[PDB]
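Report on the structure given below.
FYI, it's all coordinate maths here, none of it is from the lab. In this analysis, Cβ positions are derived from the backbone assuming ideal geometry, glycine residues included, and neighbour counts consider all displayed protein chains.
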Amino acid sequence: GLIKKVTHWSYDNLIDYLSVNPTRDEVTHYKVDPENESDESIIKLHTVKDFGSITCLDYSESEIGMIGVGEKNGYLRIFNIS
Amino acid sequence: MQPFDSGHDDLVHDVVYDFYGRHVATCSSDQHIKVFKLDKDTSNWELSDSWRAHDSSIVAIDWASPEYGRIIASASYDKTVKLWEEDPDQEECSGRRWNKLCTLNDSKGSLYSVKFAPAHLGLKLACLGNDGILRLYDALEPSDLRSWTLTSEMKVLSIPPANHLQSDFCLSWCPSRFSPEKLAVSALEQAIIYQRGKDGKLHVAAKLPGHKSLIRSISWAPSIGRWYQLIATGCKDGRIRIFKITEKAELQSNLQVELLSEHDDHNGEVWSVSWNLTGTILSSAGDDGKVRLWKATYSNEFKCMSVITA
Amino acid sequence: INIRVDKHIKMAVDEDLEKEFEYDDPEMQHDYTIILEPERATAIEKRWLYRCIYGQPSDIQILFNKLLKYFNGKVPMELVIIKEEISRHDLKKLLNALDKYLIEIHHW
Amino acid sequence: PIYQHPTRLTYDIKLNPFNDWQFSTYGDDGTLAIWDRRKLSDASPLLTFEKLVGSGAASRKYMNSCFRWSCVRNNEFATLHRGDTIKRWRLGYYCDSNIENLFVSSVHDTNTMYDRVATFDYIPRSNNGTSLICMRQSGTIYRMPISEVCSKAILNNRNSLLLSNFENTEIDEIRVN
């Protein structure tokens, strides 16, 4: 499980987030409204599922959506979500 | 409830009233001291001055007695105590309304609590930091309030704590002109009452039992005229301990301490405990988010009367 | 065909029961629990088996609910197809959709 | 390379968002350490907490992040212990005179809404608020607020209560009217 806070993407008050499932198989992009404290403020947007075993994750501040994901076999995947 | 923004850019650490109850001084971790006056006409808190004071986070401030002028002490984590005197020939909200008097560069550790003695003891001070050394600073020369002399230096803790372990210290004087000079000093898990002896030096007088964890606040109740004194303590545990003190080597009076009550209503850590002017209403804040108000019953047992959620 | 329940379904039904070590995630460890008799099961075990289908479409749900009691490891699936009048491709769909929870046993 | 400091606490690096000279790693034995780059440049760590985070850092390559820096205010970090409580350590600094020596001032414990939390992260809100998004061991992700705990309740001679919080800046007053 890896929850990484991602900034410099949204122009509204929403704060983006990236999540990795505890089985280390998918990367999920979220969108959280801070002013609303309900559990429905977390909005699931996209999910990339073609992953073997995620070991590390990073994002790109300049370009929106570019997310790199490492793996235990050795395959680094750089792709887009938004 | 009317919330007013103090205007700091960081966490407000200590808030203290003046003697007349119309001025509040707020210290914070943004290295600022702000003094707010209560307007008689608009009945809203408005800022009087806001000046940078220290090079680190200020954690304790205290107003002096109004018969010695308007002096605000300021103990911060940069091992300094700075005394601030108001010169009224300056504009408000400027930074020059409160003039600096003296820096006490004797503490080798980050100071936690500063307190003024009552006016019948003179213009005294009491400092405590993580060095575990209690220091009393007097004001002997009356011509200039810039020559403050260290007089009493009593060691509360044998060795200072390490940087990774947390610590907390608090002080409370004795608001009684008809009793000898006393001082409630709260160490990490210890509460010591220090009394002024016949030799002019402080001595260990009594110890408050209990306190299995860190003491977060100590407060001596005002002696309204009763024969027993009251000390309220808020620990890292949920206990609001109220100690009843009856006063009767080289000490003018030996004193006995009996635990009057012990309340676990907060279910957390009692961060602050305080008293009223007459010692009838106690106020205690805790991790439950609620500030409880305690009043003594007919049978001398304190029972909660109001709970203020936030 | 024998049914299997992994630790994710156990945690999901724990969350549902909450609605009414810890430092690491070793990916080679699975708390596999085999329901021997799906018909003869407790409440939490039937919750396991019903949460195993949470996400599949209506046809798969109906085919699972009509053929859950036959997943006891003793009834051949050919006799199930003959008796219950179901398509063989429907059984293939039900087996392939639930790939990581169905145990195949092949003997005479 | 600019410098090479031999230390065993070389794991997940989180730069401080308010001061880039400070970073914090931990080790195989769970020992957390907050560093300063200038001391290593010139070399002791600025802080060292014995067994604060989960151990076994060399053996397991899939480790949850139970330590986070604070993106709402400076000199603060949250540590999640046993999946139940989050310790918000607040630090204090003093300059020996530009490297600020650090020590622990206050630790605040917040019980989580649901147990068995593996990893967590902050949510910055308005008026210096704090909320925490947490991922459980079952993969459920929820949102939990931080309550406004009163730090000072003082009484006046006019029977007036003044309340100071640990989170925001505003001061609450209950006058006798």
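At a glance:
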| item | result |
| --- | --- |
| Alpha-carbon radius of gyration plus Dmax, which is the widest Cα pair, for chain B in Å | 19.1, 56 |
| Square roots of 5 times each gyration tensor eigenvalue, C-alpha, segment B:77-236, largest first, Å | 27, 21, 16 |
| At most 15 other Cβ within 10 Å, DSSP loop - trypsin sites (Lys or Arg not before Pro), segment B:107-149 | B:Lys108, B:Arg146 |
| In nm, spacing of pseudo-spin labels at C:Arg88 and A:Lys44 (7 Å Cα→C-beta vector) | 3.7 nm |
| Amide H contacts under 5 Å for B:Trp271, placed H, 5+ residues apart | B:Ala285, B:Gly286, B:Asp287 |
| Karplus 3J(HN,Hα) series, Hz, for segment D:62-78 with 6.51 cos²θ - 1.76 cosθ + 1.60 (x for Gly, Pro) | 10, 10, 6, 8, 9, 10, 9, 6, 9, 9, 10, 7, 7, 6, 7, 8, 10 |
| Cβ neighbours within 10 Å from other chains - mean over C:4-17 | 2 |
| Orientation-averaged projected area, Cα convex hull of chain A (nm²) | 5.3 nm² |
| Within 10 Å of each Cβ in D:135-147, the average number of Cβ atoms from other chains | 6 |
| Alpha-carbon centroid distance for the pair segment B:86-137 / segment C:1-67, whole angstrom | 67 Å |
| Label-reachable residues, segment C:21-47, where backbone N falls under 17 Å from a point 7 Å from D:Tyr114's Cα toward its Cβ | none |
| FRET efficiency for B:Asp9 and A:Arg77, using Cβ-Cβ distance with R0 set to 60 Å, rounded to 0.05 | 0.90 |
| 10 Å Cβ neighbours from other chains, averaged over peptide B:270-282 | 3 |
| Nearest-20 debye value, the protein assembly as shown charge dipole, Cβ charges on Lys, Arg, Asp, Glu | 1460 debye |
| For segment B:5-52 versus segment D:86-147, the gap between their alpha-carbon centres in whole angstrom | 28 Å |
| Listed residue pairs exceeding 23 Å between alpha carbons, taken from B:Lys82/D:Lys87; B:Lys155/D:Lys152; A:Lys49/C:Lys69; B:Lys79/B:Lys212; A:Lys4/D:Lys87 | B:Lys82/D:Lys87; B:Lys155/D:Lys152; A:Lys49/C:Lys69; B:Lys79/B:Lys212 |
| Within-12-Å neighbourhood charge of D:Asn157 [Cβ basis; K, R +1; D, E -1] | +1 |
| DSSP-assigned coil residues among chymotrypsin sites (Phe, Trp or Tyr not before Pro) in segment B:157-189, each with at most 16 further Cβ atoms within 10 Å | B:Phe178 |
| B:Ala206 long-range amide H proximity, modeled H, under 5 Å | B:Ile193 |
| Cβ-derived FRET efficiency at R0 41 Å, A:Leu57 paired with C:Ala41, nearest 0.05 | 0.55 |
| Estimated vicinal HN-Hα couplings, Hz - segment A:65-82 in sequence order (Karplus 6.51, -1.76, 1.60; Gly, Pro = x) | x, 6, 10, x, 9, x, 8, 6, 6, x, 8, 8, 10, 10, 8, 10, 10, 6 |
| Summed residue charge, Cβ within 9 Å of D:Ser59's Cβ, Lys/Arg positive, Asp/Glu negative | 0 |
| Spin-label pair B:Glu141/A:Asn13, simplified geometry with 7 Å Cα→Cβ offset, distance in nm | 5.8 nm |
| Dipole magnitude of chain B, debye to nearest 20 (Cβ charges: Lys/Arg +1, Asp/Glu -1, about Cα centre) | 1080 debye |
| Surface/4 estimate of mean projected area, convex hull on alpha-carbon atoms of segment D:1-149, nm² | 10.2 nm² |
| Compactness of segment D:49-121, expressed as Rg and Dmax over alpha-carbon positions, Å | 14.3, 47 |
| Principal axis box of segment C:54-97, alpha-carbon based, largest edge first, Å | 27, 19, 16 |
| Percent of Cα-Cα distances greater than 19 Å, calculated over chain C | 48 percent |
| Principal axis box of segment B:188-310, alpha-carbon based, largest edge first, Å | 49, 32, 21 |
| Stokes-Einstein translational diffusion, the protein assembly as shown - Kirkwood Rh over all Cα pairs, 0.890 mPa s, 25 °C, in µm²/s | 85 µm²/s |
| Relative contact order for segment B:22-164, counting Cα pairs under 8 Å that sit 6 or more residues apart, in percent | 15 percent |
| Amide H contacts of A:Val27 (H built 1.01 Å from N, under 5 Å, at least 5 apart or other chain) | A:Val48 |
| Under 15 Å, Cβ to Cβ, from B:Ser29 - net charge with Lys/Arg +1 and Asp/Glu -1 | -3 |
| Convex hull projection area averaged over all views, segment D:1-65, Cα basis, nm² | 4.9 nm² |
| Phi to ³J(HN,Hα) by Karplus 6.51 cos²θ - 1.76 cosθ + 1.60 over segment B:137-152, Hz, x for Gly, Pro | 10, 9, 10, 7, 6, x, 6, 10, 8, 10, 9, 9, 10, 6, 10, 10 |
